[PDB]
Each structure stands twice: as structure tokens, then as C-alpha cells.
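Peer 1: Shown below is the structure under consideration.
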Amino acid sequence: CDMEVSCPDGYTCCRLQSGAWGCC
């Protein structure tokens with residue numbers, strides 16, 4: 001989802017409660 005943080009496992013892009021742009 002992100003340039004630095006890649007989601008090769010095959011996770012979907014979503015918003016984290018903490019307030020960050022990650023994939024769950």
C-alpha cells in the first residue's frame with residue numbers, strides 16, 4: 001500500500017485506528 005511498507009502477502013488497503021495508512 002505504501003512505498004516503504006509493501007503488502008506482498010496480499011493485504012487490502014485500510015485505515016488504522018491509531019491513524020495510519022496501512023493494509024489489513
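Identifiers in the C-alpha cells: chain A, B, ... in order shown; residue index from 1 per chain; ligand index from 1 in order shown.
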Would you mind listing what lies within 10 Å of residue 11 of chain A as a PyMOL selection string, with only C-alpha atoms counted and same-chain residues fewer than 5 positions away left out?

Peer 2: chain A and resi 1+6+22-24

Peer 1: Got a sec to tell me which of chain A DSSP assigns to strand (DSSP E), as a count of residues only?

Peer 2: 6

Peer 1: Can you tell me, as a ChimeraX atom specification, what residues are no more than 12 Å from residue 3 of chain A when counting only C-alpha atoms, ignoring any on the same chain fewer than 4 positions away?

Peer 2: /A:7-8,21-22
